[PDB]
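Worksheet for the structure shown next.
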Amino acid sequence: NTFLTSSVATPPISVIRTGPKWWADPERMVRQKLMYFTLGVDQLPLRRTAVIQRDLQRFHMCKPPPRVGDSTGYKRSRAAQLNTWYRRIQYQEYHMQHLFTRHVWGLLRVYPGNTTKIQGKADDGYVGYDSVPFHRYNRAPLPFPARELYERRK
Amino acid sequence: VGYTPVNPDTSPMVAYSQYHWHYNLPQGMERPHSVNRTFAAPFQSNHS
Amino acid sequence: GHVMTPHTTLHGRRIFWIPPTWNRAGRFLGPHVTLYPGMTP
Amino acid sequence: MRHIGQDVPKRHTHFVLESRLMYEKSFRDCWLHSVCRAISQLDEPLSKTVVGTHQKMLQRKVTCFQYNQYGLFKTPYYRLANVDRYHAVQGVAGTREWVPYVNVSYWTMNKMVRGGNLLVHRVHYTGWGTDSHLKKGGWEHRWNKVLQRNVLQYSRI
Amino acid sequence: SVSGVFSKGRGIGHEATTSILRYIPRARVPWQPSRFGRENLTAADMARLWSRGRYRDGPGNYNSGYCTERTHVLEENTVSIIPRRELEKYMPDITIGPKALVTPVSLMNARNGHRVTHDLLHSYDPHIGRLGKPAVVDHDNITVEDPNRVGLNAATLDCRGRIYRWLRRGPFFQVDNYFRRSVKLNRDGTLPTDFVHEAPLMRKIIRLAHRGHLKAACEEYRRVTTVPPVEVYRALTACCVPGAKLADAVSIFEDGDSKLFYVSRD
Amino acid sequence: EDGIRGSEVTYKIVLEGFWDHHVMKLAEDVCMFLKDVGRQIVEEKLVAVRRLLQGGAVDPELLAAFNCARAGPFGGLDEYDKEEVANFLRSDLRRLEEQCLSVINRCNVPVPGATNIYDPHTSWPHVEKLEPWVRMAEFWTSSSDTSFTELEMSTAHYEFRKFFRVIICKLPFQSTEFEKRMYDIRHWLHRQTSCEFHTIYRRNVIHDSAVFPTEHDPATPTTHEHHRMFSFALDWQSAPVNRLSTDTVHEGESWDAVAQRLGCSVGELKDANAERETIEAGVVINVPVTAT
Amino acid sequence: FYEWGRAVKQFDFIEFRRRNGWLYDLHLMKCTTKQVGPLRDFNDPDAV
Amino acid sequence: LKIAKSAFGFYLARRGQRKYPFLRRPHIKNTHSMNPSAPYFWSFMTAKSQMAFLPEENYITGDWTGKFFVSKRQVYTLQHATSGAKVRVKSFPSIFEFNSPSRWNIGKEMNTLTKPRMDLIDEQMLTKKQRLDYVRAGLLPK
Amino acid sequence: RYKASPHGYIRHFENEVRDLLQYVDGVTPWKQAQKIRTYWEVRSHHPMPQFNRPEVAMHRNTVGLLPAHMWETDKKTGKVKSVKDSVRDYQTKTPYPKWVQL
Amino acid sequence: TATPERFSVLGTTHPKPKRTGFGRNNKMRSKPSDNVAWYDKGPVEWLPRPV
Amino acid sequence: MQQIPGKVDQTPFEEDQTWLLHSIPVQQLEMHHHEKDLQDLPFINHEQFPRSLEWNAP
Amino acid sequence: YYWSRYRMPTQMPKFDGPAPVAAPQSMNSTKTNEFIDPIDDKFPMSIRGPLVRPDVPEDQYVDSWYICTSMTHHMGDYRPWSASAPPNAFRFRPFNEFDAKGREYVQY
Amino acid sequence: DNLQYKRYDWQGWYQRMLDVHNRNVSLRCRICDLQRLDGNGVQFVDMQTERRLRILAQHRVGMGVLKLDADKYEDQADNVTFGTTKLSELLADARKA
Amino acid sequence: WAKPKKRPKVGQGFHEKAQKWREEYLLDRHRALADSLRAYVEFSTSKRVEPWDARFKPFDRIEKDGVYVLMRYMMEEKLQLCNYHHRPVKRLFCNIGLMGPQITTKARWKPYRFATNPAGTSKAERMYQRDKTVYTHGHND
Amino acid sequence: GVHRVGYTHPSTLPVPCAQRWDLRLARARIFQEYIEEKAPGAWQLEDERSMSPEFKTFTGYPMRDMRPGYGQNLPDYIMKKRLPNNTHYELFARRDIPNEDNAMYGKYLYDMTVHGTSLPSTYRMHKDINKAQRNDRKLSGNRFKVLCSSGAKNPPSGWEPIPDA
RNA sequence: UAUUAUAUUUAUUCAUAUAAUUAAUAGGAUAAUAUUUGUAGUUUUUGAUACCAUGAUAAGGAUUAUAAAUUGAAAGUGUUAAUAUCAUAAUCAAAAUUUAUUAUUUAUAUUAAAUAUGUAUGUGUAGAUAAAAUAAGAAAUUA
Ligand SMILES: [Mg+2]
Ligand SMILES: [Mg+2]
């Protein structure tokens with residue numbers, strides 16, 4: 001991993017709201033798929049996501065279907081329910097990506113960006129060479145040189 | 001309008017007015033001028 | 001749009017009576033103008 | 001003088017005339033100045049014929065001559081003030097407050113365009129224009145194309 | 001009740017003419033009958049006026065180095081001048097003198113028509129630098145003070161029409177005036193051709209042409225300030241004959257003829 | 001070359017207006033003018049040519065010009081008789097008649113329903129378009145001392161424009177008369193319209209192996225050191241170099257010894273010096289220009 | 001040719017014409033006065 | 001301008017905080033000209049080449065009566081220290097004198113020896129409002 | 001007066017350059033042009049005229065460059081507290097460069 | 001020359017104050033913030049840092 | 001590129017590191033061009049005559 | 001006088017009478033353009049069509065100086081599209097075989 | 001200029017300024033027409049002479065046309081002199097082949 | 001656009017104060033300069049932490065193999081002569097050639113300010129514990 | 001690589017042939033050319049932007065040279081540089097001036113030829129007319145300010161100003 | 001009610017001016033002859049100024065919609081034309097922060113040409129604020 005510096009975390013929903021621009025950008029989604037496939041694990045959530053989003057993109061310039069007014073509000077609530085389903089289908093994916101990426105990085109002897117967990121290796125966030133001399137969230141002092149997660153041979 | 005007067009060649013609001021030639025009319029020369037031919041001056045320099 | 005069509009009041013294809021003039025209109029280009037032309041054969 | 005019988009409404013218009021004379025002085029001094037600069041700063045030998053102690057000597061002789069020239073106009077052009085020939089309003093060139101081909105300030109350009117005095121053509125305020133070259137690469141590109149037809153189309157001899 | 005700029009002034013023209021001339025009414029400019037111009041300033045006042053108007057370089061400005069005041073006040077603080085003898089102790093004197101201010105005629109075209117590197121522009125015509133008398137530039141005596149007041153001063157009284165005149169001048173103005181105010185046929189019908197300071201140069205040209213060095217001779221012909229004598233043209237064309245150079249013989253002849261007063265017609 | 005693609009002289013008149021239609025209609029005007037004047041001149045030339053074709057003598061001078069060679073292609077001084085020379089002359093005149101006729105015939109194509117002055121096959125002279133000069137001015141419309149933002153938000157775009165048409169006339173010969181009419185069209189041009197005149201003509205240059213001789217590279221070569229900055233002003237003369245056309249005869253010398261020293265045939269050295277029959281010591285002599 | 005348009009020479013030529021009393025053709029020096037009215041139509045008096 | 005510190009206060013507008021093209025601001029005010037660097041000491045705000053000659057302003061060019069201050073692009077030379085002659089420079093309020101000569105100055109331009117913006121402030125050139133605003137920024141005590 | 005005049009670029013001015021040189025040399029006494037100094041000749045009298053900037057050779061700086069005898073150090077910190085006066089005792093055989101005789 | 005014992009006017013002036021805080025307008029406190037990760041919940045820290 | 005014979009010289013570097021770690025500087029002050037300086041900046045684009053940018057010298 | 005030129009040659013039309021049919025006249029709150037024709041804009045685009053100016057090859061139009069509007073560089077004369085092309089030219093075209101680009105690359 | 005700078009005190013300097021803006025004189029010749037028998041029966045420019053001509057004048061040749069643009073002097077006359085000279089000097093050197 | 005208010009007069013005896021303050025600001029600057037030159041040179045002369053980032057390859061490898069072998073036997077002397085300053089160290093690695101294209105491409109180096117720490121540096125805090133009285137631009141210890 | 005550039009003189013070859021460097025010196029004599037001795041062999045860099053048809057900005061010629069440090073200062077820059085003489089700067093110097101007609105002719109000349117007389121500027125005329133109007137009602141809000149004061153302070157022997165009320 | 005959606009995203013440490021005289025014309029080689037080479041008559045006026053001394057163009061989204069079509073407005077933001085009756089204040093370099101009205105580069109490699117910024121590492125952390133539905137990708141609470 002080349003990008004090492006401390007970062008700003010964005011809530012999952014705003015990441016998903018980027019649609020085609022980032023979250024569903026074809027290019028990105030394909031190399032996620034590559035990671036999964038190479039690990040020998042089906043990519044179902046990715047495929048659900050890709051389906052939902054593919055279709056989002058196809059109809060993205062159309063006006064929504066005409067609404068008739070109801071005291072029930074069954075329509076509004078069914079649209080909502082469907083929507084939060086899709087949101088959750090994608091939360092699951094977003095989680096999977098962060099999960100597997102961290103795990104794979106643990107196998108590749110990769111050091112993550114500052115303040116990032118790698119389950120077996122760095123439990124509290126890993127940090128080295130931050131702009132700030134302490135670990136940001138522990139409030140503990142950082143050693144020089146940067147802490148090493150892996151034994152030396154390569 | 002001002003103490004500095006408009007100069008009639010560069011201003012389209014003079015040039016294209018009703019008292020002059022608009023840019024959408026046909027732009028040919030109006031009348032010929034023969035000055036030097038009709039009455040000619042003899043050359044006398046200011047310097048010897 | 002509808003948030004500006006006080007200020008777009010000249011901008012469609014408009015028959016005029018008196019055409020606007022540069023003293024009275026700062027940025028308007030004229031009624032015949034097409035800013036976003038499509039390609040036509 | 002001393003505001004007795006002044007002919008022009010703005011006194012400062014005269015400064016514009018002063019400016020003209022500055023450019024005149026530059027035409028009179030540019031070649032000279034630059035030659036003295038180039039011969040002064042040259043580290044490599046000047047030539048086959050002038051080398052070594054002669055060259056060092058001649059260099060110092062020249063910069064001594066150049067320092068002796070009182071009133072020789074060395075001021076770089078971008079440091080001269082731009083001031084209107086009409087209302088004597090000033091603007092920084094390369095900024096939106098100075099208009100280069102008419103050489104008037106924004107204030108005068110506005111006044112002159114709106115009451116028709118300049119003949120220009122209005123183009124949509126937000127784009128690059130009617131012009132092909134500007135449409136391609138913007139200001140820098142058009143700048144380049146001007147260089148190309150002033151200089152590069154010639155194979156000099 | 002009366003506020004003047006200048007206390008006293010003087011007449012441009014002298015007793016013999018004026019005392020009689022006054023009986024003939026002269027028409028003054030209708031809208032401003034009285035004229036007090038920069039010819040009419042006294043000597044002192046002219047000096048003062050002429051110092052000012054030259055931005056920083058000019059002698060008027062207290063820090064130019066030409067200042068005659070012994071003291072100057074910056075924001076209530078009085079500063080005493082550092083004399084030049086003292087200034088020199090840490091700031092070496094490299095001063096060529098007035099010859100440094102005048103380039104040769106040879107360079108006049110590089111310089112857009114000038115021989116003079118002074119701070120005011122110097123015109124070679126009679127009128128722009130005219131005071132009461134016609135302007136004449138000394139190339140030996142050029143000073144920062146400029147006693148004859150022939151330079152084009154940007155800010156002085158009466159300057160404006162002079163500046164305007166200078167900006168209207170024709171493409172060869174400097175050059176033409178310089179050339180016609182010197183170099184003109186003598187009252188006897190003799191050619192201007194024989195001058196003491198240029199003689200050895202003409203000799204050298206002739207000499208070079210007789211030994212058949214056409215290029216060296218032509219290269220010296222270039223540096224001639226004054227009309228060259230007939231003998232030069234004779235020598236130069238005679239040199240063109242044996243190698244058959246015709247184009248060159250012809251351009252030589254045509255150069256000396258009807259440009260230079262027809263020295264070449266011989 | 002034949003037809004449209006070749007000529008002795010080309011004039012391009014570049015007309016410039018402030019408005020496009022101005023320059024378009026000016027180009028029609030000037031174009032029809034040159035069509036008429038062109039036809040008149042070229043017709044005149046054509047009758048001169050037809051007369052020269054019908055018959056004529058040969059200059060002694062033109063014959064002499066064919067016969068100046070030390071050796072022709074067949075490796076000896078060649079004798080052109082007046083016949084042959086007249087035949088060359090005649091062939092060129094033939095070609096000139098074809099070209100004249102081509103110009104005239106295109107002058108007569110463009111009638112009122114049918115006029116197209118853009119294609120060169122259909123008319124003489126023809127017209128080429130030239131991309132317009134367009135400068136866009138960007139500036140503040142506000143006068144505000146207080147805020148930069150408000151100044152930027154008021155920005156206008158206006159353009160200066162200049163429009164151009166080009167008129168091309170290619171002629172098979174050069175006529176000062178045509179050139180004169182053409183320079184004079186600037187006096188009757190349309191209102192607020194100007195023009196340039198481009199000329200491309202053919203001209204004889206002369207390469208003198210005498211003034212610019214072709215010699216071996218010097219025995220010592222020239223370094224990069226003769227090329228410093230200001231080497232142009234210091235280490236070099238302007239070409240051509242001056243080589244002496246006059247030499248003095250040394251004491252023991254003789255015609256052939258002098259010729260040997262100067263690098264000539266003795267014949268040459270005698271021709272250049274024809275006045276002198278014999279050469280004494282200390283006498284001044286003319287060096288034949290071909291001398292090596 | 002570089003010098004022939006100077007104003008001094010243009011106005012001197014005018015002065016020469018003035019001493020010979022022929023000013024009729026000169027541009028600066030003539031003031032046209034008379035205007036030529038339009039031609040009426042029987043197709044309408046009304047149209048202004 | 002709001003306050004006129006010179007004549008130009010009358011002629012010029014500020015135009016808020018307005019952007020100028022790179023390295024052209026109409027008025028050359030070199031606040032940075034004395035800005036300490038040990039490693040860059042000989043390259044910062046000095047001649048780009050050490051083989052350049054000293055400027056015009058280290059020399060007496062013409063016949064002078066005398067000067068009041070020497071220019072600030074003049075470079076401090078061993079003689080400036082040794083000769084014991086007046087060396088003045090125009091700074092604000094009035095003039096800065098080099099009174100106490102040191103060799104550590106040598107070879108740098110007086111631009112670099114004269115602090116343009118002093119940590120010292122006159123309370124008497126300040127309006128009561130301006131003094132308030134200087135207390136807000138934590139400069140003046142009050 | 002009627003001459004062919006070069007234009008634009010300075011190369012084309014070869015003639016003029018020669019003349020400007022000749023003239024300059026003729027008018028300008030060596031006695032005066034002596035006195036014009038180059039920055040390094042002047043800086044030779046600064047107490048620390050020569051060292052490497054950080055870009056290339058920085059690690060080649062030596063402790064021998066420091067003029068330690070010029071200043072006064074604090075023993076505990078290892079820091080420069082004061083600087084001795086430079087000018088009073090300063091002896092040099094070369095106020096101007098060796099080749100300058102005024 | 002010869003660095004003096006006392007400086008009359010040099011240290012005389014009012015000392016610039018230390019900033020009390022950080023970030024925008026120097027007024028922000030140092031405290032735990034939203035951007036802070038939680039390492040106690042699951043394999044991924046939360047919210048997850050960019051990867 | 002032709003070079004002066006007898007002069008010790010270098011060839012354009014093939015390795016990225018050779019470029020990166022050499023002493024080549026970055027542009028820092030305002031930037032100059034010997035022809036283009038006369039037309040001041042790209043925004044002040046000085047034009048003596050309004051010739052077509054495509055004008056062709058005869 | 002130099003000014004003798006700027007006199008009126010003809011008597012200018014008087015203002016005798018009232019505002020024209022469907023004039024803009026503004027009551028208590030009215031947004032009024034003097035510029036827009038009241039009657040000819042109100043008239044449906046379906047009927048009148050999107051045209052502002054006659055449908056004619058645009059070479060006949062000039063973008064006016066100082067007025068936001070186009071004018072005809074021959075006052076008021078109009079030539080129809082048919083007069084730009086050859087007789088009976090398919091989609092008025094210099095030649096019927098191809099469109100502009102088709103013509104270019106065929107030629108190449 | 002026929003318009004504005006036609007007739008008054010500025011007509012002179014504007015005229016001269018155009019003339020100096022226009023000093024360039026383009027000198028062309030086809031290399032084809034240089035290959036001809038010289039007065040001595042030897043071909044004036046042969047293959048080797050042409051190769052040498054091309055290498056000597058680098059970007060000054062294109063489409064087999066040698067083109068010199070003579071800008072050096074303010075007046076066109078002097079530029080045809082100059083241009084013509086450079087041409088014969090360049091031929092003189094190319095002919096060494 | 002309001003007429004500009006006039007500026008109050010300068011001060012009385014402020015010309016003396018400004019003279020003195022600038023005078024001894026300069027005198028102080030002499031010692032600040034002297035001291036920072038001392039510091040700069042002391043830094044150039046003294047050793048630094050290793051410039052390469054060991055978290056990546058070819059540097060992570062056990063100190064008994066690979067690049068470290070290449071360093072211990074061929075480059076050691078030179079690496080010590082330049083005191084592990086990051087610029088000459090990286091250049092020496094380019095010139096040893098037995099790594100070759102990798103130095104810039106595969107290998108990672110510590111950031112500027114970390115690489116500048118004195119040899120022996122244990123805690124990161126050290127970057128901030130260097131002297132601020134001295135004008136070296138972070139080139140001081 | 002770091003190498004010594006090298007040159008084989010044709011006399012030494014087993015066929016004489018004209019060496020490209022020698023030709024280069026020929027070309028430098030003909031069009032007089034500065035040969036930069038210090039030009040680094042490694043620095044050949046075309047200007048990608050203008051010289052590659054891949055960028056929209058493609059002029060076909062090397063618009064700028066890509067050298068970071070290059071400045072108007074350097075003798076090399078000075079040697080190839082366009083002097084300001086007869087460029088647009090000169091055109092501005094002459095044609096852009098406060099009253100544009102003073103570019104075409106002397107005002108006095110024109111006025112005296114066209115009108116019989118010199119005419120004051122419009123501004124001056126305004127102040128004149130105004131004085132006449134307001135001197136007709138009030139008097140003595142005035143002042144007497146001249147260029148030269150002696151004419152008022154010692155007036156001629158005659159000159160007895162008409163008393164006013 | 002039909003002629004159809006604000007609750008999304010991204011932002012916020014913002015500073016820069018100085019060394020007083022505005023008043024008119026005047027032509028040169030290749031022209032049938034002008035020393036007009038070197039054209040010489042001080043002195044009666046007063047406003048745009050540092051100063052009261054009218055006019056005129058900015059910015060500022062809130063309901064004429066989709067087709068062959070523009071998301072920038074008139075209500076006026078220093079410099080401009082009839083009120084005068086304290087004063088030379090104007091850049092041609094190298095210069096002195098208090099002013100509402102300003103998007104700066106945040107950790108592998110860091111000062112070469114006009115001289116060009118030494119300072120604020122602190123858990124992306126108060127209060128309060130900014131911008132956008134336009135070749136992009138946002139969809140349901142009108143008067
Ligand atoms: Mg207002
Ligand atoms: Mg002034």
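The chains in the structure tokens are called A, B, ... from first to last as shown; in each chain the residues are counted from 1, and the ligands are counted from 1 in the order shown.
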
**Report entry** Residues within 10 Å of range 14-24 of chain I, only C-alpha atoms (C1' of nucleotides), excluding chain neighbours under 2 positions, as a ChimeraX atom specification
**Finding:** /D:31-32,35-36,39,58,61-66 /E:99-100,102-110,219,222-223 /F:230-234,236-238 /I:5-6,10-12,26-29

Pull C-alpha atoms from the residues just selected and write them as a short mmCIF file (atom, residue, chain, number, x, y, z; two decimals), in the first residue's frame.
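Result file follows (part_31.cif):
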```cif
data_model
loop_
_atom_site.label_atom_id
_atom_site.label_comp_id
_atom_site.auth_asym_id
_atom_site.auth_seq_id
_atom_site.Cartn_x
_atom_site.Cartn_y
_atom_site.Cartn_z
CA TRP D 31 19.86 47.64 -27.74
CA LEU D 32 22.67 49.43 -25.90
CA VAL D 35 24.49 44.45 -25.35
CA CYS D 36 26.25 45.76 -22.28
CA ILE D 39 29.00 41.20 -22.84
CA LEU D 58 36.89 44.48 -21.67
CA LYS D 61 35.33 48.30 -19.10
CA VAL D 62 31.88 47.78 -20.58
CA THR D 63 29.94 47.49 -17.30
CA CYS D 64 31.82 50.60 -16.16
CA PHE D 65 30.58 52.33 -19.29
CA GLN D 66 27.02 51.13 -18.74
CA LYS E 99 32.15 61.56 -23.46
CA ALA E 100 30.44 58.60 -21.84
CA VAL E 102 27.48 60.34 -26.35
CA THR E 103 27.62 57.33 -28.67
CA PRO E 104 29.13 57.73 -32.20
CA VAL E 105 27.11 58.54 -35.37
CA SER E 106 27.62 54.97 -36.48
CA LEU E 107 25.18 53.75 -33.80
CA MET E 108 22.44 56.28 -34.41
CA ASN E 109 20.16 53.74 -36.05
CA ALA E 110 20.56 51.11 -33.32
CA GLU E 219 34.26 48.90 -44.90
CA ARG E 222 30.95 53.07 -43.89
CA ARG E 223 32.44 55.03 -40.98
CA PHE F 230 29.94 37.60 -30.42
CA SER F 231 32.16 35.48 -32.58
CA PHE F 232 29.76 36.69 -35.28
CA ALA F 233 30.92 40.23 -34.55
CA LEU F 234 34.58 39.56 -33.76
CA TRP F 236 34.29 36.64 -38.88
CA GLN F 237 34.08 38.88 -41.94
CA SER F 238 30.88 39.16 -43.98
CA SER I 5 20.08 49.36 -41.15
CA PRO I 6 19.93 46.04 -39.33
CA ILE I 10 21.14 41.70 -31.96
CA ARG I 11 23.07 39.24 -34.19
CA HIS I 12 22.14 41.27 -37.23
CA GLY I 26 38.47 54.18 -26.16
CA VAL I 27 36.42 56.22 -23.68
CA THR I 28 36.79 54.17 -20.57
CA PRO I 29 39.97 54.41 -18.49
#
```

Applying 12 Å and only C-alpha atoms (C1' of nucleotides), which residues near residue 34 in chain M remain after dropping the ones on its own chain fewer than 6 positions away? List them as a compact mmCIF listing (two decimals) with N, CA, C and O atoms, in the first residue's frame.
```txt
# COMPACT_ATOMS: atom_id res chain seq x y z
N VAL F 205 18.87 34.84 -60.42
CA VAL F 205 20.01 35.14 -59.58
C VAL F 205 21.25 34.63 -60.31
O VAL F 205 21.14 33.80 -61.20
N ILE F 206 22.44 35.02 -59.87
CA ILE F 206 23.65 34.61 -60.56
C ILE F 206 24.65 34.11 -59.56
O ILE F 206 25.07 34.85 -58.67
N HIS F 207 25.04 32.86 -59.69
CA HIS F 207 26.06 32.37 -58.80
C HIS F 207 27.43 32.53 -59.44
O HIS F 207 27.73 31.85 -60.43
N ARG M 28 13.16 31.68 -52.97
CA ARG M 28 13.01 30.24 -53.23
C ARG M 28 13.74 29.76 -54.47
O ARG M 28 13.89 30.51 -55.43
N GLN M 43 27.88 19.02 -64.37
CA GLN M 43 26.58 19.28 -63.76
C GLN M 43 26.72 20.18 -62.54
O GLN M 43 27.54 19.90 -61.67
N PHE M 44 25.92 21.24 -62.47
CA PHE M 44 26.07 22.26 -61.42
C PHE M 44 25.79 21.73 -60.03
O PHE M 44 26.51 22.04 -59.10
N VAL M 45 24.73 20.95 -59.87
CA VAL M 45 24.44 20.27 -58.61
C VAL M 45 24.11 18.81 -58.92
O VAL M 45 23.08 18.51 -59.53
N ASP M 46 24.98 17.89 -58.51
CA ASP M 46 24.70 16.47 -58.71
C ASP M 46 24.16 15.84 -57.41
O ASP M 46 23.84 16.57 -56.47
N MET M 47 24.06 14.52 -57.37
CA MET M 47 23.54 13.85 -56.17
C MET M 47 24.29 14.20 -54.89
O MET M 47 23.68 14.62 -53.90
N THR M 49 26.34 16.71 -54.31
CA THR M 49 26.17 18.14 -54.05
C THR M 49 24.81 18.42 -53.44
O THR M 49 24.68 19.27 -52.56
N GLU M 50 23.78 17.70 -53.88
CA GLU M 50 22.47 17.90 -53.30
C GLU M 50 22.41 17.41 -51.86
O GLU M 50 21.84 18.09 -51.00
N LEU M 53 24.02 20.02 -49.83
CA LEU M 53 23.13 21.18 -49.77
C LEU M 53 22.04 21.00 -48.73
O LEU M 53 21.78 21.90 -47.95
N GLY M 64 11.67 19.62 -51.37
CA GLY M 64 12.65 19.79 -52.43
C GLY M 64 12.75 21.20 -52.96
O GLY M 64 13.17 21.43 -54.09
N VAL M 65 12.34 22.16 -52.13
CA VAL M 65 12.51 23.58 -52.41
C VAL M 65 13.37 24.23 -51.34
O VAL M 65 13.04 24.18 -50.17
N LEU M 66 14.48 24.85 -51.74
CA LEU M 66 15.29 25.62 -50.82
C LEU M 66 14.70 27.01 -50.63
O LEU M 66 14.44 27.71 -51.62
N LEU M 87 22.48 32.74 -50.40
CA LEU M 87 22.25 31.68 -51.36
C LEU M 87 23.53 31.28 -52.07
O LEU M 87 23.86 30.09 -52.15
N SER M 88 24.28 32.24 -52.59
CA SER M 88 25.45 31.85 -53.36
C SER M 88 26.55 31.32 -52.46
O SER M 88 27.41 30.57 -52.89
N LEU M 91 25.51 27.71 -51.81
CA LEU M 91 25.81 26.91 -53.01
C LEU M 91 27.29 26.68 -53.15
O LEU M 91 27.71 25.62 -53.58
N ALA M 94 28.11 23.92 -50.69
CA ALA M 94 27.56 22.63 -51.10
C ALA M 94 28.32 22.06 -52.30
O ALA M 94 28.51 20.86 -52.41
N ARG M 95 28.78 22.94 -53.19
CA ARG M 95 29.43 22.50 -54.41
C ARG M 95 30.76 21.80 -54.15
O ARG M 95 31.34 21.20 -55.05
```

Query raised in the report: Hey, which residues come within 12 Å of ligand 1 if we count only C-alpha atoms (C1' of nucleotides) and all ligand atoms? Could you give them as a PyMOL selection string?
Result: (chain F and resi 142-144) or (chain N and resi 1) or (chain P and resi 54-58+75-80)

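Put simply, CA of residue 36 in chain J is 13.2 Å away from CA of residue 50 in chain J.
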
Query - Shell of 7 Å around range 74-89 of chain O, only C-alpha atoms (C1' of nucleotides), local chain residues under 2 positions omitted, as a PyMOL selection string - result: (chain D and resi 27+31+34+38+41-42) or (chain I and resi 8-11) or (chain K and resi 34-35+47-48) or (chain M and resi 17) or (chain O and resi 71-72+91-93)

Query raised in the report: Got a sec: who's within 12 Å of residue 60 in chain E, counting only C-alpha atoms (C1' of nucleotides), leaving out chain neighbours fewer than 2 positions off, as JSON, numbers by chain?
Result: {"E": [47, 48, 49, 50, 51, 52, 53, 54, 55, 56, 57, 58, 62, 63, 64, 65, 66, 67, 68, 69, 144, 145, 155, 156], "P": [19, 20, 21]}

Report task. Would you give me, as a ChimeraX atom specification, the residues of chain P that come within 12 Å of chain K, using only C-alpha atoms (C1' of nucleotides)? Result -> /P:108-116

**Report entry** Within 9 Å of chain N: residues of chain H, using only C-alpha atoms, as a PyMOL selection string
**Finding:** chain H and resi 1-6+9-10+13+36-41+92-100+102+104-105+113-115+118-120+122-127

Requested in this report: Using only C-alpha atoms, find the residues of chain O whose closest atom to chain B is at most 12 Å away, then write them as a list in words.
Outcome: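 Per the criterion, chain O yields residues 98, 99, 100, 101, 120, 121, 122, 123, 124, 125, 126 and 127 of chain O.
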
Query raised in the report: Among chain J, which residues carry a DSSP assignment of strand (DSSP E or B), reported as a list in words?
Result: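 DSSP-assigned strand (DSSP E or B) residues in chain J: residues 22, 28, 38 and 46 of chain J.
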
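Closest to ligand 2 among H:7, H:52, H:19, H:87 is H:7, based on only C-alpha atoms and all ligand atoms.
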
Requested in this report: Mind giving me the straight-line distance from CA of residue 22 in chain C to CA of residue 58 in chain L in Å, one decimal?
Outcome: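 It comes out at 23.0 Å.
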